[PDB]
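S.K.: whatever this is, show me its structure:
(4 chains)
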Amino acid sequence: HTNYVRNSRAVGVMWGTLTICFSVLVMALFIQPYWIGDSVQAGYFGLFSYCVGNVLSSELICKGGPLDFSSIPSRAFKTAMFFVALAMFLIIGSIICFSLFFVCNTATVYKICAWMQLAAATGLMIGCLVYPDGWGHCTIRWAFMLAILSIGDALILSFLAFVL
Amino acid sequence: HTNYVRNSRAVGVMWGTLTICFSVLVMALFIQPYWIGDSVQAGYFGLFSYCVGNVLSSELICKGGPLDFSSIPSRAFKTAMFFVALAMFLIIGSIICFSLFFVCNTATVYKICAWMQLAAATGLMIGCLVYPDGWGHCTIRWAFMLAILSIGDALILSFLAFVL
Amino acid sequence: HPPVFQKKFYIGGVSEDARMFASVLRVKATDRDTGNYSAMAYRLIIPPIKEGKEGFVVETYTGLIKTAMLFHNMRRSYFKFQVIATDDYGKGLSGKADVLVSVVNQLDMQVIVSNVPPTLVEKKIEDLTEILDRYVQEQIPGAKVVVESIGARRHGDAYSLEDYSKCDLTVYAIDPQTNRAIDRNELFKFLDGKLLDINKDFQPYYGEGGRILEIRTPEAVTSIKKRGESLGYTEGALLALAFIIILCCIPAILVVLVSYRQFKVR
Amino acid sequence: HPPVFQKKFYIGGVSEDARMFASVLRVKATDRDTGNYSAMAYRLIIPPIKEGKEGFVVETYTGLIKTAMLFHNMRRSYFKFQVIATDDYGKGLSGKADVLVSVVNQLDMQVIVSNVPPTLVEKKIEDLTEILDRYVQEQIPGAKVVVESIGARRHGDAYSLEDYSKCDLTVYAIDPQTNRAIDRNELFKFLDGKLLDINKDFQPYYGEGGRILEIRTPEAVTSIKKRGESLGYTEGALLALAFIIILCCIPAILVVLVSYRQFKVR
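M.R.: Numbers count the residues shown, from 1 in each chain, chains lettered A, B, ... in the order given. Provided below are the atomic coordinates:
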């Protein structure tokens, strides 16, 4: 079953590469400036800070950044932030389960990282569902669409991780 | 030499993945808005189009886009554009040499894509050298630094392609 | 003895990004018989404003109303107040009147374009506004054309040229009933319906070979589309990364399905 | 008979984003003896400007100089011209004089801040500029403080508050020799060195408990850093992708080196 074990170790190091690719994808989803905007007020707010202004006004001030656990308005935004931050630290822990690949069994570590990507997809699903409850015209920015593609991404990663 | 052929087919599909990753990286290097700017005039020009203005002026007009082979000032900018466009179409052809992986020998197709990444690194090196000759304060934007990291990137890709 | 006003309710109006102490209008409480109204002291009685604003001021021996407040993002903050005029260099008797002033944005502007040089326009702007508010107040008695700025004709590359044979004229009339600023489309339609009747009238004023041309939209209305940003391509690059990796993982799933299936077979 | 000027060379100056027909200054070519100078017609003689600009205008029976041109990105376009004043309602004799006018930006502005309400400032601005250009022209005879805008004191959250007990005063003097606009730091230093001598003088003008406080920098100077954009994080994400993939490919090189070496061994 020589070519099949070729496939096995091949897709294992694929887990390594595509996992660290989505690690920096989710880190980019954090440290962006654009979450949800609007063009009719006139603002490009971002749920961690928020630049809100009016028509043709040059100067904008985003209110937030490195948090104080009280800066952003909605606790639903705080809680969804905690979900997606758990997803962040989870994918960092998935880099760590890639770091713990050479000690234990493959079938062990694949189930470990499978449980990981399960919880990642679940938490991102929950945070994406929470954001419209926290909420009136809108123009949705690329953050939520990157997140909703990351939904199916971590879903496929967890499915093939259960396969392996 | 079972684990070594594991490594062989593993790094082959790594060529596929990392090659298409840098395909969209170079395509992002094309369809950006920022090439080289300046903050003391006050402009954020981009060598295909150019938004040039002055202090605190709101409205800017970039002059160009889909070219007419005469829109941009410097022919050195035109020629370096032709180099990096050859690099674009080269990496698209490297996706095609990934598409032609299953017919011929591995040692054939690895030398094919090796010649490819050689010419890619060479042409990007030449275009990056040409840009300062086309050129007075400046603030260099992230385009040239993404390109200068792509230099060593395609260098390492071509080195390990000669290895395989 | 008290003076005699021309209108018992003078009517004003300003804009948002207007500067400090800009020309609102000039008042005239006339002397009744003697014409000795150079001893008139035009003064004010002003209701209080938030944070201690004086807001609207006037001079003493000119009657020219000026401003004492800024308008960062304020809109339709309509203000009613009192004005007095004291005889005997500020010692005699007085009559009082009131002024409404609205604060308009760029979006409460419509440009009048005619075929005349703009300095003749700003020269005869008194009679121009007089003929306008003569033949417009048949819509509503209580309308007063308020001229904002008189420039050369904006056209060309993103409306950045000037025609000197022609002119720009930025006006708006008055809401005397709900007492606020007026949107630009009724500013278009109340003027444009009686255009030829006033094209008759400017022949002692424009001269000959002169008439009103068109009623067009200012330049910053176009910039409203421009400040609204969109999906770029770096964003699209990251989305393309995600789409690439799911496009890679699906045949990996299918091949490992076939892999474990043939592992079961042999 | 010709009139009599006060100064044989009147001296003006405007700004860049100033609007059409703004108050440059008022002229006065006086009658010599009779004081019958209401029959004076202040008119102009203007050198030609590009594209047919009239550029600088004036009224007839007020002497107030106004503008007839816009200033998209123009800077230091200093203009010299002639002005006349005709006796007998525009029929008698005349004297002529000249005016220099410069066009200044936001960067040719420095705010004078004092401890008085701004409407008193704009009230007594004649005597204020008089005392300034009395005690400043000992630097250079040929300096004339040109007041731009008089607002309430900008401070607070990104300089977006107003103090009404205090005031903003945007001034600049005149270059009579190289005949152009003046940068803001000499505007600071020519005024700030004789501050107490004029703090003496405003006691009939400010009143009591009043003096000049400070000479500070306008708000739009700070925004110059703000419009300069930088490296974001999506850019950094793409750079991190490149750095990750070279960081992955280097141990791949080393492991396949060991691979082919052990292939040679066994």
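
S.K.: surely residue C:92 is in contact with residue C:86?
M.R.: Yes: Residue C:92 sits in contact with residue C:86 when judged by Cβ atoms under 8 Å, with a separation of 6.1 Å. (Each C-beta comes from the backbone N, C-alpha and C, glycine too.)

S.K.: which parts of chain A sit against chain D?
M.R.: Residues of chain A lying near chain D by Cβ under 8 Å from any Cβ of the partner chain: A:16-17, A:20-21, A:24-25, A:27-28, A:31-33, A:58-59, A:61.

S.K.: recalculate using a threshold of 6 Å.
M.R.: Within chain A, the positions lying close to chain D (Cβ under 6 Å from any Cβ of the partner chain) are A:20, A:24, A:28, A:31.

S.K.: where along chain C do the helices fall?
M.R.: C:87-90, C:118-123, C:125-135, C:184-192, C:195-199, C:223-227, C:234-265 (DSSP state H).

S.K.: residues of the stretch 151-266 of chain C that sit close to chain B?
M.R.: So far as Cβ under 6 Å from any Cβ goes, the stretch 151-266 of chain C lies against chain B at C:233, C:234, C:237, C:240, C:244.

S.K.: again, 7 Å this time
M.R.: Within the stretch 151-266 of chain C, the residues that sit near chain B (Cβ under 7 Å from any Cβ of the partner chain) are C:158, C:223, C:233, C:234, C:237, C:240, C:241, C:244, C:248.

S.K.: same deal with chain A?
M.R.: Residues of chain A lying close to chain B by Cβ under 7 Å from any Cβ are A:6, A:9, A:10, A:13, A:14, A:17, A:58.

S.K.: so who does the second one touch?
M.R.: Shown here is residue A:9, whose contacts under the criterion Cβ atoms under 7 Å, 6 or more residues apart in numbering or on different chains are B:6, B:10.

S.K.: so where do the strands sit in chain A?
M.R.: Counting by DSSP state E, chain A has strands at residues A:36-37, A:42-43, A:52-53, A:139-140.

S.K.: show me what the closest residue to residue C:152 other than its chain neighbours is bridged to.
M.R.: Setting aside the residues directly before and after it, residue C:152 is nearest to residue C:162 in space (Cβ to Cβ, 6 or more residues apart in numbering or on different chains), at 3.7 Å. Judged by DSSP bridges, the bridge partners of residue C:162 are residue C:154.

S.K.: distance of residue C:162 from chain A?
M.R.: Residue C:162 sits 22 Å away from chain A, going by Cβ to the nearest Cβ, to the nearest Å.

S.K.: my guess is that residue contacts residue C:168, does it?
M.R.: No: in this structure, residue C:162 is not within contact of residue C:168 by Cβ atoms under 7 Å, at 8.9 Å.

S.K.: what about residue C:47, how many neighbours?
M.R.: Counted with other Cβ atoms under 10 Å in any protein chain shown, the neighbours of residue C:47 add up to 9.

S.K.: what's it in contact with, if anything?
M.R.: residue C:81.

S.K.: quick one: it from residue C:100, how far?
M.R.: As judged by Cβ to Cβ, to the nearest Å, residue C:47 and residue C:100 stand 13 Å apart.

S.K.: ok, residue C:90 to residue C:47 distance?
M.R.: 22 Å.
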